[PDB]
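Next comes just one chain, in structure tokens: the form deposited without its partner chain.
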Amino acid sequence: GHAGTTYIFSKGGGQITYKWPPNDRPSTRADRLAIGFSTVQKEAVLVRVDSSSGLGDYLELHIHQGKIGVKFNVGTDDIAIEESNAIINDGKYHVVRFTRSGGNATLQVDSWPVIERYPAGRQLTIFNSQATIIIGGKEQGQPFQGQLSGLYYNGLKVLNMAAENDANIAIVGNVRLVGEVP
């Protein structure tokens, strides 16, 4: 079930943006991303994390032809990792956990076998100077429809922050906070 803070993204789509303060853009050797979701779409971007202007570095969580996947870049190539064995756009709740460690990565859904990716060509290590976490895919032209919950990225429980009106968060379009239980 949808755990913690939760948002519905509906018809038309919307977007939740976190902006690090200018002087506090982190650079990491390793990344941990986890998010609960539910949707029936074939195509959508759920979470995208971008490095500042002038750098190519990015990390993107998306659904392509029904399957959840991450694609990322740290100076070298685009690296894709995907759970290709099971459609995940069946409208039920699923958790996806992503790990990055240099150019290598892992991905796990609910509790299916862990998927490992090791780019055969050697990659750089650092996600440089992270500037924004964008949630909802509205910008990248592939807007999410459904529920997102329990977003975790490198310490930052980004959905809870939005619910607490963190000064560094901006919410736009058809995005609504799910209330609490009785």
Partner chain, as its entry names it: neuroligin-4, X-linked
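Positions refer to the first chain, counted from 1.
One more form of this protein exists, namely the form solved in complex with its partner chain; it is left out here, but the text below deals with it.
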query: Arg25 within 4.5 Å of its partner chain in the bound PDB entry, heavy atoms; finding: yes
query: 4.5 Å heavy atom contact, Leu55 and its partner chain in the bound PDB entry; finding: yes
query: Interface membership of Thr132, its partner chain in the bound PDB entry, 4.5 Å heavy atom rule; finding: no
query: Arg32 within 4.5 Å of its partner chain in the bound PDB entry, heavy atoms; finding: no
query: Contact residue in the bound PDB entry, from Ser38, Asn154, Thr125, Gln41 (heavy atom within 4.5 Å of its partner chain); finding: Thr125
query: Contact stretch among 41-49, 142-150, 116-124, 62-70 - heavy atom within 4.5 Å of its partner chain in the bound PDB entry; finding: 116-124
